[PDB]
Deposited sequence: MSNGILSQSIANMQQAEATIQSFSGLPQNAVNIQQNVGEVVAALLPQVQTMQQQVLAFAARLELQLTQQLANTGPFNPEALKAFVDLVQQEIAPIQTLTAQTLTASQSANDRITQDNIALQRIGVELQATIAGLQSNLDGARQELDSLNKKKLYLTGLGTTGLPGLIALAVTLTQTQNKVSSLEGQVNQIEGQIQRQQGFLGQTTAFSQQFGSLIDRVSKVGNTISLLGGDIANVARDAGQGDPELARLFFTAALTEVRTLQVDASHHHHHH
């Protein structure tokens, strides 16, 4: 249900489909290996990061409500010890999130470069199929001439037979030239179709990966805003501590929504 959970599930499906393709060039094998490693190694690290962010947020949510339950004045030394403890507990979550985002952007950026490289290759197949289509057109014309001469020499008497015995050999050669070019055009059309199908799956994988990266990045941004609220208690009035605790609690609840397993 949640955006991380969906992106992960969709990426796992795209990856299985991406592995089903054979006979593709090196850039396609580059993506196949990359997505295999993303599904095997990085998506488990994203699930670990999600579990750790939620565990962290649940603990800090109760710590903040307990601070906001304080009546009378905030003892300024109790504040600092708390701010220190929270700053120490944010550090590792903020770090794991930044690391998770970096690993994700690295892998996804390599997919985009391999996709662009495959696209250049697809355009060079379009160029290739357009000379093969001309060669095919011209071998058809060549076969039209030969068959009109066969008409003509078959139209002559005994005088024709020598010329016909010759033309028979040219006709076979030109026919094999036409049948070969039809096979070559069919071949390149199939390669074009297969690569377009593959790029459709790698583009979909990268779109889902992008949704995952944007949500990891949103989680990091909220952790940074949370850090800023908490440090505005350390800068110290008991009503200011209450303002920054209240702001920090909105950010903690934002994390719980953004990193949530299930939507709602």
Q: Could you name the stretches of the deposited sequence that have no C-alpha atoms in this structure?
A: 1 to 2, 239 to 242, 271 to 272
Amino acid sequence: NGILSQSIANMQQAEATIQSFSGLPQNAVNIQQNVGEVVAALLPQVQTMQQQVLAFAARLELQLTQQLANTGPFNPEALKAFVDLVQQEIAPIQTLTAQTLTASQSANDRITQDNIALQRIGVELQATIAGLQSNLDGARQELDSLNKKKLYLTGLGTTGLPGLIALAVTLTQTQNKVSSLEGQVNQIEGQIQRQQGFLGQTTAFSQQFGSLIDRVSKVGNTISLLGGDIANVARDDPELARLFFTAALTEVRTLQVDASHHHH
From here on, numbers count along this sequence of modelled residues.
(Q) So, looking at the entry's B-factor column for Cα atoms, which has the higher mean, 206 to 214 or 65 to 73? (A) 65 to 73
Q) Mean C-alpha B factor from the entry: is it higher for 227 to 235 or for 196 to 204? A) 227 to 235
Q: Can you pull the Cα B-factors for 103, 118, 93, 167 from the entry and say which is highest?
A: 167
Q) Hey, out of 99, 126, 180, 112, whose CA B-factor is highest in the deposited coordinates? A) 180
Q: Relative to the other modelled residues of the same chain, rank the CA B-factor of residue 188 and answer lowest, middle or highest third.
A: middle
Q) So where's residue 139 on the chain's Cα temperature factor ranking, which third? A) highest
**Q.** Cα B factor band for residue 81 (lowest, middle or highest third within the chain)
**A.** highest
(Q) When the deposited Cα B-factors of this chain's modelled residues are ordered and cut into thirds, is residue 240 in the lowest, the middle or the highest one? (A) highest
Q) Among the modelled residues of its chain, does the C-alpha B-factor of residue 107 lie in the lowest, middle or highest third? A) lowest
